[PDB]
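Here is the structure we will look at.
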Amino acid sequence: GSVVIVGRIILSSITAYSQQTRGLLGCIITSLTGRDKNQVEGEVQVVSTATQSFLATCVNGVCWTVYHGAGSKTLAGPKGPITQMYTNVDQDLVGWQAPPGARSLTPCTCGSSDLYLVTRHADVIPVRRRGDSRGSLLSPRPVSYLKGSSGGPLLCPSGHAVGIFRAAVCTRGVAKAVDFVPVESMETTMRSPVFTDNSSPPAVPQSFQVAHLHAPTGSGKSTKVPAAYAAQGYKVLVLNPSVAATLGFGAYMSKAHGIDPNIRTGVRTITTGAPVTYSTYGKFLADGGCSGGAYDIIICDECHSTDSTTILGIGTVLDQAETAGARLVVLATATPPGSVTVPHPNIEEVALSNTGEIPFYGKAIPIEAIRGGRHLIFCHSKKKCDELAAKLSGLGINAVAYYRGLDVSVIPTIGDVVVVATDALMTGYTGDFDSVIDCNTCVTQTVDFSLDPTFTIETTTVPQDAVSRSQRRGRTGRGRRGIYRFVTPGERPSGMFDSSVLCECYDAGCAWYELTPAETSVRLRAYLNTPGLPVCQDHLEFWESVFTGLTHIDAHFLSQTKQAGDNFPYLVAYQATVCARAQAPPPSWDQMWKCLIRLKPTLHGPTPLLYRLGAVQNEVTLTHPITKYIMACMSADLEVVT
Amino acid sequence: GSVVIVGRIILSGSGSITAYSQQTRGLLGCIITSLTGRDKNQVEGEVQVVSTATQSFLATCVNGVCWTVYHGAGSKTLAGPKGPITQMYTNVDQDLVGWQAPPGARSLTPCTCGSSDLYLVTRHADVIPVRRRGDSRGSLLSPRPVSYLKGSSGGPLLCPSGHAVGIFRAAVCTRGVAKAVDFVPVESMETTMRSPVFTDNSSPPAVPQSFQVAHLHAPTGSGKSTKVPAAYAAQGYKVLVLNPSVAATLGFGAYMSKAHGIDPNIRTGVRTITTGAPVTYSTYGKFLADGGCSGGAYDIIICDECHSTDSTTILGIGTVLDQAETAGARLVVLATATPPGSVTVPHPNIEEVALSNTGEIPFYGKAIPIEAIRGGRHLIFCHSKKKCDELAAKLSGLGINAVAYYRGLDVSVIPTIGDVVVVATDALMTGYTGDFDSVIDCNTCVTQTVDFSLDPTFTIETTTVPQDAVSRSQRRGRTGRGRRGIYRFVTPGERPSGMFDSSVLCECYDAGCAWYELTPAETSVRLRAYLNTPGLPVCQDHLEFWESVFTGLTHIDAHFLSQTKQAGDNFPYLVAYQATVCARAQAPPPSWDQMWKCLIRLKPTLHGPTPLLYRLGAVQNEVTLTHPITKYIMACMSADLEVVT
Ligand SMILES: CC[C@@H]([NH2+][C@@H](C)CC(N)=O)c1ccc(Cl)c(Oc2ccccc2)c1F
Ligand SMILES: CC[C@@H]([NH2+][C@@H](C)CC(N)=O)c1ccc(Cl)c(Oc2ccccc2)c1F
C-alpha cells in the first residue's frame, strides 16, 4: 500500500483550520492503486496508512514526514505511486516531490526562540526552543494530545518553517517538550546523493573509517572479500550472529581459498594462527571485545540484525576499533535500514488461498505443494510449529519442528522434509529449501512505560517488516529455482528496533559479559551515533539508571535463569532475589519464576514488584526500596513516538 | 454500515474439541460489503468471524439464529446475499442480538446433557478449558491476560459433546488477569426466541390494579409529559412527572395550566409551588433532594427522558424503582423517544444534507456555507466550550448574530424572538426548550470513561467520541417540530444507543455523597433497582467495586466539597477528596488545572509530592503512594471486574 493524503491543515499571527477530503473507503482504494486524482492544496497535508494517521509538511518543493510513519512507502499521486525522493532513516525523515497545487513553507532564516507547533487538529501550540532539535511546550499537555501530529511544522512567528515535529519528550506521561527534525537536516538531505553505491568492499584506508557493504548472501561478502583482504596481507575479524554460519565458514575457507581460519563460538574454538578469524558477536563479547593490535579490518556481518548480542557487539567494535589499531570497520548486510522487498529473479511468489487441505494463518496449504521435497514453513511461535508438525506427520508427511531450545540435529539435512520453524532457524541452521512458506508475522517485545508501578515488557505478535520478509524468503532461491508462498503481501518499515532491545542489552551486559551499565551505555552510544545502522529512541540514560540500582543480585538465581535461557535473565533473577530476601512470593508461579520453587512453602504475602515481565497474579506492595528507586527513575525524560 | 462476515472458525468433527480459522475477506472487501450490505460469498461453519469498520469479533449460529453480543454489533444489519439482513432479536438487557441464519449456515445445538467442563473457542481458534461456576459464569483453569480474549466475544462455550453452553461476552478480571468469563446462557437465547419478535410500547399503558413498570416509547411530540399525565389525571389518578431538565419541567407545568386546564405542583431548586392539584412536575434532582418517594402521594410516576445517562437521572429512576411499590404507586412509566437499541430513522419534516468541503466556515473537517445560516434561526452543535466560543467569534465577524451556550452561561443569552445562530453543546438540551429552522451537527461529543490502569488505582479520562443513535436523534429533534426542518451533518455514522460507561456509575456514588446524603450502601440499593429493571440503558456491573471505593473516602473537608459542588464540575466528591487529602499533608494538587482552583489560596504553603488517590487528569507534580487512602484504594482494585472483549 501507499501513503494517502486524506486532508490538509491550511495555514494563515498564525492560525489554522483543517479540512478532510477522504474517508476510509477512499483511503483504502487509493492506497491500493497508488492513484490519487484529488487536487492537493496547502503546505501541510494530513496523511495516512492503513495503520497510523499523521502529517506531512511541504518545504522547498519537497513534501516531508517521518520515517516511523511513512517508512519507505510510495505516496499516491495523479499518474500513480510516487517513489520517495529522499529517505534519511538516521534523521527519522523521508520526502516526496511536492505534487502540483502544494505550497511550500520557506525555511526560517533568523531563528526565533519562540515557535509554534501546528497539530493535526489545527491547534497552534507555543514552544520555546532549547537546542537544535528540542523545544519546551509553554503549557505542559498530556502526551495523547500530540498523537497523529508526527510530521507537522514548527514555525517561527513570521510563518517560516523551523523543522518538523517527530516525538514527544514525556515526564511521567505528560508532554513537556518536543523533538523535531531541523530544517537544516532537510537541506542537508537534499544535498546528499539518492544513489550511493555500496555493493563493493572499500579499499583499506590510511587511517580509521567505518564503511557500508550492501550485497546479498552468497556474493562472498563473508568469504571472498575477507580472502581478498588476507591476500593483500591484512588481519581480518568477521563477526556473525549465528554459530552455525560461523562454524561453516571454517570448512568453507579451507576448501575454497586455502585459508584455515580461526573460529570462535561458545560451543567451539579453534586457533590455527591464520590471519583471518570468524567469531560470533557473543563469543567476541565473552572475550572482552577488541584485543590491542590483533586486527586491521573488522567486518560486522548481518549488521541489519537487531538482537541484543549483535547490537552490543557492533557497538563494542565501534567504540574500540580505532584504539585497538583497526583501520577499517565494514558494516555488511543485504538488507540495510530503509530497504524494501523487491522481486527476486530466482524466486516465484504465490499468495496462498483458501483452497488447501492444511489450514495456515487463515489461509491454506495444499498437500501437493509440500509432499515432495524440502520445504520451510515459518510460524510465529513454537506452539504453532508443534501444532503444524503434528498435523503434517499425521498425514504421513515427514515433518519436523525447530525453534529456540531444540538441537539442530532435528535437522534432517538430506532427503524429504517439511521444517516448521520460528526465526530461530535463521541462526541455528544454514541450509536452503525448495520452497519457503511464510506466515508474515513475528513475535516481538515492546516496553511500555505504564507506571504501574514502573514499566512493562509486553510480548506481542506483529506484522513482519521488510528485513524479516526478505530474510525468510531468502531461504529459497539461492542458486536454484525457489518458490515463496505467503499469507499476506505487505511489510512494515525496516531498521527500527524497540526500547526493550536496549533494555535487553543492559541485561545481557550484566548477566553474561561482566559489563557495568555505564560501560554498556558507552558501547550503545557508539552504535547509535554511527550512521546507516538500525535506529531506536534514545532511552540509554533511563535504562542505565534502572540497572544501576539493581545491586547484590543472588548468584544462584542469576546462574539458574541464564541456564534456563529466559529472556531478561538479569531482571528475572533480580526480582527473584528481592522476593526471597523480602521473604515474599513472586509475581506468579509461571515457568518464568521456577528459580524460586523450593521456597514456595515459606514465601507469603504481597510481591515487592519492581516491574512487570508477564502476568502478575499475586498481590503487590510498592514499599520495597528498589521499587521506589525504579519508580524514581521513571521521572527521566522519555522520547515517545507520536 | 452493516456487520460483515470476514471469516470463520471450523470446529472439529470428533474426538477432542479443536478448531482452526479460515479467513474469507480483506479490509477492502470488508468495507465495501459493509457499505453495500451485500454478501454473495456463501456461509459455511457455525462460528463466524465478523467485523465492523471500527472492530471485529465472533458470532455463533444456534437454532438457525446467528447470535452475537450487543456491545459489538449494536442494532446493525448483517451483510447478506440479497442485501442487509435486519436483526430478528435485539435483547439489549442480555447483551444478545441475532439475525436469521443465512442460506445453509450451520448451527450448534444446545447443551442437552448439562456438563460443567466447558471449552471456549476464541477468534484465534484456540480452545481454552473453563469450569462452570454458575448459570452464566466460568473460571479459567489457567488464568490469562485479558488481552488474549479480545475480539472473541460472540464466541461459543462448548461442553465436551460439542454442544453450545452459551456465548462469550466478557472477561472477569482481577488486577489485569482474567480469572473467569461471563457468557450469555443458551437458555437466555431460548427465553429470547420464546416471546413476541415485535412488542408494543407506543401507547400509554392502562393503569394496572397492582404495581407494574411499563415503557412508553413515543415521539417528543406525542405529548409524553403533557397529554399523557393530563389524561391520567382526568381519570382521577395522582401523577408525578420526573424530568432531567429544570427548563423542560417548568415549561410542561406552564403549558398544563394554559392548555390542558389545571395548575400543577412544580418542584425545582429555583421554583416550588404547592397548589394541591393531582399533577406534580419535578426534576430528578429535586425529587432526590426531597428524599424520593414519600408514601401515599402518587398513583403513577412518569420517568420522562428515561434514556438519559447523567447521574441524577439514573440515581432518580433507581430511587422510584426501589421505592414506588412500597410508597403505594400502581404504575411507573419509563418514557423516552429513543430507547435502548433504537436507530435514527428518517423524519418527514426534516431534510438531511451531508456537509461538503465547499463553504466559507470550517466545521470539523467539512464546511458550512454562510447562505445556509443567514436566512433565519439555526442551531450548531459543537463538542466543547472552546469550539463554541471560537465559532461564535468567526461567525459574528462574518456579519452574523451568533451566541455561545453551554453549562455555566445563562439561558436567554439565546434571543427569543430575534434572528439567530446559537452555537451550543448538549447543555442546550436541558437548558432551553425552543426549536430552530435547521440543526447543524458535528456528530461527536465529549464523554468520560474509566481506565482500571493500576497507576496506582484508576483513571477518569475525558475523550471525544462519535455520537450515538440517541444523541443524533435528540440533536436533530430540535428542528422539524411541526414546520419543515433541515438537518446538516459532518458524519453519517452512529454508535449503538443505550450503553453507558462505568464512569457514570462512579458519578452516581459521587453525587449521592456530595448532594443527596446517600451512603454508598444506600446508593447501591438504588442503582441495583436500575440495573435489574429491564429496558433501561445498560452498563457493566461495577457496583461492589465503586461502593467499596467510596466507603473509604471518609472525613472530607465540608469546605472543599461545597466549592467543588458550586463550581459545577464533574466528580465534586473525588475532587474535594483529593484536595482534602492534599491540604492535610500540606502537599500540592496533582497539577494547577482549574479542577484544583479550591487549593490556589494555599499555594504558598503546599510542598512536596502529591499523595495521589486516583487520576482525574494530567498529573504534573511528583507523586507519593504511601497515603493510607491510596493503599485502601489499591486494595479495592482486587475486586472482580467485568471488562468487555
Ligand atoms: C532522530 C533520532 C533517531 N534516534 C537516534 C538515537 C539515532 C539512532 N541511532 O537511532 C531516530 C531515527 C529514526 C527513528 Cl524512526 C527514530 O524513532 C524511532 C521510534 C520508534 C522505534 C525506533 C525508532 C529515531 F529516534
Ligand atoms: C448481561 C450484562 C448486562 N449488564 C447488567 C448489569 C444488566 C444491566 N442492567 O446492564 C449488560 C447488557 C448489555 C451490555 Cl452491552 C453490557 O455490556 C456493556 C459493555 C460496555 C458498556 C455498557 C454495557 C452488559 F454488561
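Within every chain, numbering begins at 1; the chains are lettered A, B, ... in the order of the sequence lines, protein sequences first and strands thereafter. Counting starts at 1 for both ligands and their atoms, following the listed order.
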Please determine which of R166(A), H68(A), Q52(A) meets the side-chain hydrogen bond (donor to acceptor under 3.5 Å, both in side chains) test together with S150(A). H68(A)
Member of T533(B), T523(B), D541(B) meeting the side-chain hydrogen bond (donor to acceptor under 3.5 Å, both in side chains) criterion with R528(B): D541(B)
Considering only N or O atoms, set out every pair between ligand 2 and the protein closer than 3.5 Å, with distances to one decimal place.
residue: ligand 2; atom: 4 (N); partner: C539(B); partner atom: O; Å: 2.9
residue: ligand 2; atom: 9 (N); partner: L531(B); partner atom: O; Å: 2.7
residue: ligand 2; atom: 10 (O); partner: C539(B); partner atom: N; Å: 3.0
residue: ligand 2; atom: 10 (O); partner: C539(B); partner atom: O; Å: 3.1
residue: ligand 2; atom: 17 (O); partner: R169(B); partner atom: NH2; Å: 3.1

Does atom CD of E190(B) have more than 12 heavy-atom neighbours, drawn from other residues, nucleotides or ligands, at distances under 6.0 Å? yes
Roughly how far, to the nearest 0.5 Å, is the CD atom of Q445(A) from the SG atom of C503(A)? 9.0 Å
Among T90(B), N91(B), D95(B), find the residue that satisfies the side chain to side chain contact (heavy atoms under 4.5 Å, CB included) test when tested with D93(B). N91(B)
What verdict does the ring-ring contact (aromatic ring centres under 6.0 Å, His included) test give for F458(B) and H542(B), after you've listed the backbone C-alpha separation in whole Å, the side-chain angles of each residue and the deciding distance to 0.1 Å? CA-CA 13 Å; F458(B) 59 87; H542(B) 289 158; over 10 Å; no
